[PDB]
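Data first, discussion second: the structure below is written as structure tokens.
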Amino acid sequence: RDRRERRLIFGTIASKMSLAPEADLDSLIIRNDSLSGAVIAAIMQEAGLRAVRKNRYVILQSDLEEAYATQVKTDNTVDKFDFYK
Amino acid sequence: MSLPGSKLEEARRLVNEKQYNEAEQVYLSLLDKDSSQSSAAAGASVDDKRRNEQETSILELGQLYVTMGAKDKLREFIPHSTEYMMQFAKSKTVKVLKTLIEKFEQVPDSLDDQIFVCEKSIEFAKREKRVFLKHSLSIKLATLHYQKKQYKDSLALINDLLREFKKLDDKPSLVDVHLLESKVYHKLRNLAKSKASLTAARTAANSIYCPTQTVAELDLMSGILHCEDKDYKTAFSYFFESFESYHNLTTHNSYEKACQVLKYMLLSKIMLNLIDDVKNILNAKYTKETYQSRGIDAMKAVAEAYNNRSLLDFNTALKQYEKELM
Amino acid sequence: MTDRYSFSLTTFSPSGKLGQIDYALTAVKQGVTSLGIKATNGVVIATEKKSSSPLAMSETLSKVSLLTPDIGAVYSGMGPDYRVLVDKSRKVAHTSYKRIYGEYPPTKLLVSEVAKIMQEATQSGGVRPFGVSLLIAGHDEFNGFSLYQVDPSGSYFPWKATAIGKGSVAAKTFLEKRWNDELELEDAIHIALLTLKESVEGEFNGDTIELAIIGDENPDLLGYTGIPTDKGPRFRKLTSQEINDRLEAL
Amino acid sequence: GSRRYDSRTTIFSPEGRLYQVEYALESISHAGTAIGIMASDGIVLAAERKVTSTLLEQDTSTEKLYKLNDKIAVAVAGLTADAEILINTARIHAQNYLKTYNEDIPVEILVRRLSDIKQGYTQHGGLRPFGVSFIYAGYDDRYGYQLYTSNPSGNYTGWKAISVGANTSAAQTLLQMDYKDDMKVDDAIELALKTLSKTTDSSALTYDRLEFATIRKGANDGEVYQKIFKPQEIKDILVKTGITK
Amino acid sequence: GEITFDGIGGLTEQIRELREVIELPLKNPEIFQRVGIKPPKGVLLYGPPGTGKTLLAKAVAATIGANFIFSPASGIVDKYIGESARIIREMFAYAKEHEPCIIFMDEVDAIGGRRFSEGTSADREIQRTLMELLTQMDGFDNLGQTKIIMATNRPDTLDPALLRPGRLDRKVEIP
Amino acid sequence: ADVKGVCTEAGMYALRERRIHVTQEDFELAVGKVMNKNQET
Amino acid sequence: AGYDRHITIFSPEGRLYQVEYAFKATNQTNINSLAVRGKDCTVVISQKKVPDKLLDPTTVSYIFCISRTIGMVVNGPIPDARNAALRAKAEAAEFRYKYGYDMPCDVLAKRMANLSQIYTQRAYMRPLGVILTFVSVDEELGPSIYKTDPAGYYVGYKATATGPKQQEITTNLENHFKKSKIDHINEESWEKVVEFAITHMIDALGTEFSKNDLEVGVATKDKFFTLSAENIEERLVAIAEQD
């Protein structure tokens, strides 16, 4: 995605579901650059599931942070993979 | 005095200590003096090195000149001084010529005087073999006509240039003329043509590297056609991307330029009927840059007036903010 | 013990392929972004030197090696492969040109030596090639300024400007436009910084970027603080502070 | 174990020639072309340059054309790597002969050492063969002009026009037809430039996408003067033939 | 289920985060509708079988009062036209009729997985089976009172389509 | 078959720009696309 | 991938079976080590695994004294650790004989790195699964920690940790080094550095440790020495009587 493309995803998925006044779309565009469109849509889905599971009726900025941290990482193994070291 | 360097420093500082008017007597003095070798290159001194420093000095001088109103002697002087540089380097002549013309229009100016520098220059070049980027300058020459409200004339000039770029001359020159041609069409309210030409402009842009500001101008037009043919959501997104680019350029993007794009950015959101997001764009100073104007005041008053659904409230804002706003 | 693997470990097929090489070429792509520009007004090399652990220092990691005082090299691929081949490359440069012929080697002739080692470790059984590609940049009065790539294949070619490692295709492209025949060394340092900025962000600062130049030098380190016999070597590698300072004016 | 991790492929096929050798030939036919024309007042060599682009240095076209001697030069079809090892050994063999007998190496004598090593490479060690064919261009003062070819099979022949690398069939067919023995250098070049055109399919063929050399009698020698063309010299001859391709 | 969900206790973390993903949309589809987010789709159990793996799967079903439905993946391998289509569909149709229900699909490397290289050797039977799973999930059809649960010895063995959200959003580990 | 592709693509380019006439330039751009199709697999 | 176990060929992956498994198997002895540098000292503390009463508790070692300054901890199987130890000891002495100057850490790292790379290139020797943590207070390089890993990759570190509980130890070192705003310990007396080390180690690995559960090697400028049982006790004693 382009930066302008990124903006749309945030806007479109946030209409379908609850949002917090705390949570700003403006905020999200700045924070998320250099990612595939597939990853951003994932995070947005994740945050909405998490918020409801946390037994609320709103998506807070807090769930969105937590969902972001979750989706970007899944690997925590270091000091290996020689072909670039 | 009696050294090029010392007299460079002096002439420049003469502006700062008091005024330009003192400085100009010094600048004028730089021409008579210094140099006992090489080719004619000030029409009062023969030189190489003095004239070379004179280029950067003339370049300062000319900015201040537009303020002074003394521009008129310089508008003639630059075309006389082209040949000084042909007897140096051809590349230098081409180069210098483009930068001096760029400085004068970065300051507000009357057209009549601008037309006049360029005109001599392009005719004179032709005689030798220098045709390289006198065509780029003809694209600039369109631009003064565009503001003048000679679109019809710009159109005739632009059409020939398109042909030249497309298999007789340079690939990057093409993008810029397709951009202008889009602004030109748009003013005639030829929405159809303006749009089709941007689509061509973008295909031509991604072939190459196009300067950062140019890319943002592309995004500005795209957003503009989507306010006039709807799809304000898509427009907004482009105005986001364009505004961020203008921010990052700093003061190499004019103050005024950045404000008119913000004015459009607020306006698209109100039509789109997310008014509370108009309040978020204001309340942030990364997304407004603390650009507050009567224009910007108007958009918060209009969002408020919509929420209220009070017709009276719109009429009050419109008239008060008017001069800045429309 | 020896004498169990005396068949080559590249073999052909009717598609003519050499197993080992195709796999090793892939490794180069998976390295870090390293590039070379010949500006025909010097040579500038830049690469990323990067941590692999939070308590790993990067000021104990270099990817820029001197091969001789005035020929420098940069790479993408396997770290170990590069150091071991570099030792052998150093060996021949020093013993066979500076004692025999009394001078520093000509680049192109050193390009022939380094190629021959790599092609040799493929031709001989029981061992594999090196899984790297090197860019060997040097200067001589006789040849001017020069830049070659030597592949894992042991093939070589010269390249006006090139890039290898991650983001190879785009990095070379942007560069080709920004590359002029007559290009100023300061602008050529910016373009390199600019490219590496497009590969990486969120860990891109100037003190993690290592840039070295062929052109400007310091006589005061070559024992010519006093009266010179001659000017001497043209390679001089920047420190971090110089790199960061220019990154601000990028 | 590891006595059964032996490839055992530098042994004969029933086809009368080793596995690896036959397979290697394919590899050659998938790399650059070399064309050798022997004329009655020169020898003309043409080779089409494999990858040409701005990212490469385009002003270099000695990437496959090396002179081994003062009056012997070779053309490569195959890969750079494979080539270099035989080039260096032929160069020394030239110097051993020169030194022992006080005279320059005859073209077949030189060919024959290179070919005995190519065979050797599979005959001792089990190692793999080359992936290079040379077409040799040389003069000797005992037979006039000689133009030969060797392959990693160690079989060599002499020819009056041959092509090796890709598109051997097509080029050879045309060559046999237009061949004459009253041709001059310039008549050959024109001929060469036609053939190359008919095997390459293009809008145009440019001067930097070629590597060219001819070895003519000259006018500074009664010997033979070896002229190694570089892009800008390729550009000139392209005008002279009036064959734009 | 064979056992309740607090009698296997000392798997408590895994109990906790299966309970709030699976039980809550079944019992209360309304909260996910009202927010406007999707109910969850698929949940994955991975790790060796009988680490209390089997326990956790039986146990989530008991508390809902779902039917636990064990499907052998190989049997989904009939060698007739559309039999293979028929079987998957019917489980999905039955999941909505007899709702709430757990459709537990054991091993997703006899009807899915990444294969030898995903060429043709008899790896098209496997390709037809996986394609069916992917088409219903991504499409107009959906999972709401049909929960599907995948089980796999190690999770890295599964097609990356299955690894996308909109197939499997929940991925639980069993240490 | 590729030649038939060049006319239907030249026309698609014209169609996108809302033209019934197609220049030489669109036709060149179409052929380049067609060449890329033969290179695949 | 490739098929590295039957012929010495490459993988398109770039990393081979011999390299990939050498990254793994380096712990099966149930071992954890850390090294920190002081301002002007370097301390190593390492778990000591005396598992029986058939063995003397001080013949079980995992810290080797390679030179008179240089220490090397090997994290790996014990035959591989001694294979590396033997070679390192010769190279250290040979370098002093020929070049007239004792061995520094970085040059030993390099020699061994090159060897490990060659045995991966060979089809006639196996490479080893050893991670070699070389430590000293070098004369020109200051306090030093240089750690090699198997591959033939090596790089210099602030401080380092090894073992399955590497991660636990790391978060404690990070927290200290940010707080203090330097990448070494403000302290400068090897006792207080040893004491500090143990503190962060107890915390990370979650068990209070005895002297027979630890083994200490200390580096100082121009000398290397190992701390004995009594010596370790004196440090431990304070950590048990403060909060």
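Please note: Cβ atoms are built from the backbone with ideal geometry, for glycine as well, and neighbour counts cover all protein chains shown. Each value in this text was obtained by applying a stated rule to the coordinates, not by laboratory testing.
A few remarks follow.
- Long-range HN-HN contacts of G:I145 with modeled amide H, under 5 Å: G:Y157
- CD proxy at 222 nm, helix term only [per DSSP H run n ≥ 4: -39500 (n - 2.57); per residue of chain F; nearest 500]: -24000 deg cm²/dmol
- Across region D:81-90, coupling constants 3J(HN,Hα) worked out from phi with the 6.51/-1.76/1.60 Karplus curve, θ = phi - 60°, read 5, 4, 4, 4, 7, 5, 4, 5, 6, 5 Hz, and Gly and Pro carry x.
- Farthest positive-ward along region E:28-94 dipole, Cα basis, beta-carbon charges - from E:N67, E:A85, E:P29: E:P29
- Put simply, region B:70-138 fits an ellipsoid with semi-axes of 20, 12, 11 Å; these come from the alpha carbon gyration tensor as the roots of five times its eigenvalues, largest first.
- Dimensions (Å) - region C:1-249, Cα atoms, principal axes, largest first: 57, 48, 40
- Measuring between their Cα centroids, region C:75-137 and region C:18-47 lie 15 Å from each other.
- Amide H within-cut-off set for C:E48, under 5 Å, with H built and near neighbours excluded: C:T33
- Overall shape: oblate for region B:69-210, with the ratio a/c of the largest to smallest alpha carbon gyration tensor axis at 1.5 or above and b/c at least equal to a/b.
- Two-decimal Rg/Rh across region B:54-326, once Rg and the Kirkwood Rh are taken from alpha-carbon atoms: 1.02
- Semi-axes of the equivalent ellipsoid for region E:58-168, Cα gyration tensor, largest first, Å: 23, 16, 13
- Range in chain E, longest, excluding exposed GluC sites (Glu not before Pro) [loop by DSSP; at most 15 other beta-carbon atoms within 10 Å]: E:3-117
- Per-residue Karplus couplings for region E:163-175, computed as 6.51 cos²θ - 1.76 cosθ + 1.60 with θ equal to phi - 60°, are listed in order as 5, 5, x, x, 9, 10, 9, 8, 9, 9, 9, 10, x Hz, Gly and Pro entered as x.
- As a length-normalised measure over Cα pairs under 8 Å and 6 or more apart, the relative contact order of chain C settles at 26 percent.
- For chain G, the convex hull spanned by the alpha carbon atoms encloses 147 Å³ per residue.
- Given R0 = 51 Å, the distance between the Cβ atoms of B:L188 and B:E60 translates into a calculated FRET efficiency of 0.85.
- In region G:108-204, the convex hull through the Cα atoms has an average projected area of 7.4 nm², a quarter of its surface area.
- Over 14 Å [Cα-Cα, region D:75-137], rounded percent: 60 percent
- Label sites at G:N212 and G:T171, each approximated as a point 7 angstrom past Cα along Cα to Cβ, lie 3.2 nm apart.
- Residue-wise HN-Hα coupling along region D:236-241, computed from phi with Karplus coefficients 6.51, -1.76, 1.60 (Hz; x: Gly, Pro): 4, 5, 6, 7, 4, 5
- Taking label points 7 Å from Cα along the Cα-to-Cβ direction, F:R18 and G:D222 give a separation of 9.0 nm.
- Count of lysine pairs in region D:117-213 with Cα separation under 24 Å (8 or more residues apart, or interchain): 9
- Between 0 and 90°, nearest 10: helix C:107-123 axis offset from chain C longest Cα axis: 30 degrees
- Sparse packing (at most 12 other Cβ atoms within 10 Å of the Cβ) combined with a DSSP loop state is found for the following trypsin sites (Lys or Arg not before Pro) in chain F: F:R18.
- C-alpha center-to-center spacing [region A:26-68, region B:147-197] in angstrom: 44 Å
- Calculated FRET efficiency for the pair B:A200/B:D113, C-beta based, R₀ 56 Å, to 0.05: 0.95
- Separation of alpha-carbon centers, region E:88-145 and region D:14-93, rounded to whole Å: 57 Å
- Expressed as a whole percent, the proportion of Cα-Cα pairs in the protein assembly as shown lying more than 56 Å apart is 39%.
- Chain A - Rg over Rh from alpha carbon coordinates, Kirkwood radius: 1.06
- For region D:146-245, GluC sites (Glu not before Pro) are listed when DSSP marks them as loop and at most 14 other Cβ atoms sit within 10 Å of their Cβ; the list is D:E223.
- Three principal axis extents describe the C-alpha atoms of region C:15-66; from largest down they are 45, 39, 17 Å.
- Simple spin-label estimate for F:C7 and G:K24 in nanometres, 7 Å along Cα-Cβ: 6.3 nm
- Using C-alpha pairs below 8 Å separated by at least 6 residues, the relative contact order for chain B is 7 percent.
- Using just its DSSP H runs of length 4 or more, each adding -39500 (n - 2.57), chain G gives a mean residue ellipticity at 222 nm of -12000 deg cm²/dmol after division by all residues.
- Contact order, relative form, for chain D: 27 percent (alpha carbon pairs under 8 Å, 6 or more residues apart, mean separation divided by residue count).
- Efficiency of FRET between B:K73 and D:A170 - r from beta-carbon atoms, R0 60 angstrom, step 0.05: 0.25
- Farthest positive-ward along the protein assembly as shown dipole, Cα basis, beta-carbon charges - from D:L191, C:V32, C:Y5: D:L191
- Helix-only [θ]222 nm of chain D, DSSP H runs n ≥ 4, -39500 (n - 2.57) each, per residue, nearest 500: -11000 deg cm²/dmol
- Unit Cα scatterers, Debye sum, chain D: log10 I(q)/I(0) for q = 0.11, 0.14 Å⁻¹: -0.60, -0.94
- For region D:1-143, the equivalent ellipsoid derived from the alpha-carbon gyration tensor has semi-axes of 29, 22, 14 Å in decreasing order.
- Taking amide H as placed 1.01 Å from N in the peptide plane, the amide H of C:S65 sits under 5 Å from that of C:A73, each at least 5 places away or on another chain.
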